[PDB]
Every structure is written in C-alpha cells, then in structure tokens.
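Novice: before the rest arrives, take these chain(s) from the complex:
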Amino acid sequence: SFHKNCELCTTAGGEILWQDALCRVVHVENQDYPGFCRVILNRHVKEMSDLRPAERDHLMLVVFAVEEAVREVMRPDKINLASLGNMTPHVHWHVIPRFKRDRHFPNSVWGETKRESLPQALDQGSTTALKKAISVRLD
C-alpha cells in the first residue's frame, strides 16, 4: 500500500502534470533530458504483472498518451519507455525523449556518456503544452 521508506510512496517524483486514482504523471527535471516524464502508480506494487489486467491496461493507456504528448511537444528523434524498479521497486514508467546528439545517444540514458550536451531546460510554456497534450488524450 504505502512503504514509509519508498520515495515514490512519499514523494510526488517531479512536477505533477496529470493524475487520477490509479496513477500520476510527472515532469522529472533532468538537466540532460528536458521533457523526461514518469508515469508513477499511486500505490506500492512491485511488478506490472502484480496488477489486475484492467489496471495494467489503464496504466499503459496513460503511458502511451504521455509518449504522444512528449513526441508532440519535444519533437524527439526517439522515445524510450522503461519500467525497471531495481532501486525503487514501485511501478513507474520512464518516458524519455531522445535526440541524436543528446548526452548518451545511441546508448540508453543509463549507459556510457557520449558527448557534451546543453539542452535548454523546459520553460513554463512547454510544461503547460505537455499538460494540455496529456489532458486532451486522457480527459
């Protein structure tokens, strides 16, 4: 339910862009990846296959709506999606806009750094646009 020592039970995880009963979407303020968002399950569950099929589905619909919003607002070269949870075993999806000359490309963002990069952190305008784009698709 709620583990008092799990950061995703105890913290928002970033600026909340959208939420419902099942989950929340946040902009993670990552200096190397503006527009990096996470879909975080509200309750503490370890694996996607711990969820009932209907919950799995609802969660994945939010993830794909967030992919679409990030594509539209950020216009990235590639989208990466991942649910890892090795350090924090509480279901959460990274939705990451990648660019050919970003810090790590074509490595994953968890891999070796490839180049210097200096992407402009999101402005209120972009953050707003992300919120609108997610809302359009989910509300």
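Specialist: All right, it came through fine. Numbers count the residues shown, from 1 in each chain, chains lettered A, B, ... in the order given.

Novice: Every contact and neighbour count from this point should use C-alpha atoms.
Specialist: Will do.

Novice: so who does the most centrally placed residue in chain A touch?
Specialist: In chain A, the C-alpha nearest the mean C-alpha coordinate belongs to residue A:38, at 1.9 Å (C-alpha atoms, centre = their mean). Going by C-alpha atoms under 8 Å, 6 or more residues apart in numbering, residue A:38 touches A:25-28, A:92-95.

Novice: one more time with 10 Å
Specialist: If you count contacts by C-alpha atoms under 10 Å, 6 or more residues apart in numbering, residue A:38 has them with A:13-14, A:16-17, A:24-28, A:63, A:66, A:81-83, A:92-96.

Novice: Sheet-wise, list the partners of the helix or strand harbouring it with their directions.
Specialist: For residue A:38, the element it lies in under DSSP states H and E is strand A:37-41. If you go by DSSP bridges, strand A:37-41 pairs up with strand A:23-27 (antiparallel), strand A:92-98 (antiparallel).

Novice: okay, now chain B:
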Amino acid sequence: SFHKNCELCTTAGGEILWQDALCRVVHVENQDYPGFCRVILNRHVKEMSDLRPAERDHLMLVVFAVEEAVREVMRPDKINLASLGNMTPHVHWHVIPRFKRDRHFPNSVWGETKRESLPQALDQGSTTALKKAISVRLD
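Specialist: Chain B goes in next, on the same frame as the chains above:
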C-alpha cells in the same frame, strides 16, 4: 515494412519461443541474463505510438504474458521491461529477469557492473518451460 539494413527485419533476434502475425517472442542468448526475452514486432515500425491502438494493446498483452512466464520459470528478484530502439528503431520489448546476484544489480543491465556473475545458461527444460508458460497464456 522491411528495412534491409535493420537487424530486426533481417534476423530472428534469438531462439523463437512464440509468434503470431504481429510479433514474435525470442530468448536472447545473454550469458549474464538467462531468461532475457524479447518481444519483437514482425514489421518495421519505429515507435509504440506509431501503432494502431489495437496493435499496441495486443503487443502489450504478449509482453505481459512473457513477463508472467519469466517470473514463473526464473523466479527473479525483479523484472525490467523496456522499449528503447536507439540503435535499432524497430519496436521491441526487453523482458529481463533480474537477480540481486546478477552482474549489474541494482544498476540497469546497460549500466556499470557491480560483481562477478557467471550464471548457468538455460537448459532445454527451462527454455521449453518458458515456451510452455508463454503458450498457455496466449493460445
């Protein structure tokens, strides 16, 4: 449709465990990660959101079946799920069984190694057990 220079248009990608029209499930032979499976879309498509919602849904069903089968056969500490495609932009999902004693834990498998880990490659019984577990769920 078919990109002649794309590894996932021109190779099985591993030993095939299950397939239908839309996709195939393979066991990736990775000496550090027995039970690493991949769900590869059969045609060339760059992003998940480039798929029709009926196709996204079905692919994700296959992914979640493979997750459940890997958990049953491998009894991992954690599952990692990921669609990256930075090096090969053809939709495919990594379904990775992780263990506390694996090479990278709690890093992602793309990160720095933390320990020695020389695991036993899967026997015919385990690979066959994966095929059966996947098939029972999808057929």
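
Novice: Check the contacts of residue A:38 one more time with chain B there.
Specialist: Residues near residue A:38 by C-alpha atoms under 10 Å, 6 or more residues apart in numbering or on different chains: A:13-14, A:16-17, A:24-28, A:63, A:66, A:81-83, A:92-96.

Novice: And these, which of them are buried?
Specialist: Neighbour counting with 16 or more other C-alpha atoms under 10 Å in any protein chain shown marks A:13, A:16-17, A:24-28, A:63, A:66, A:81-83, A:92-96 as buried within the contacts of residue A:38.

Novice: burial count for the residue nearest to residue A:84 when sequence neighbours are not counted?
Specialist: Of all residues not flanking residue A:84 in the chain, residue B:80 sits nearest, at 4.4 Å (C-alpha to C-alpha, 6 or more residues apart in numbering or on different chains). Counted with other C-alpha atoms under 10 Å in any protein chain shown, residues neighbouring residue B:80 total 21.

Novice: Look at residue B:80 and give its secondary structure.
Specialist: State at residue B:80, reduced to three classes by DSSP: H, G, I helix; E, B strand; the rest coil: strand.

Novice: Residue A:97 and residue A:104 touch, don't they?
Specialist: No. Counting by C-alpha atoms under 10 Å, residue A:97 does not reach residue A:104; the two are 11.9 Å apart.
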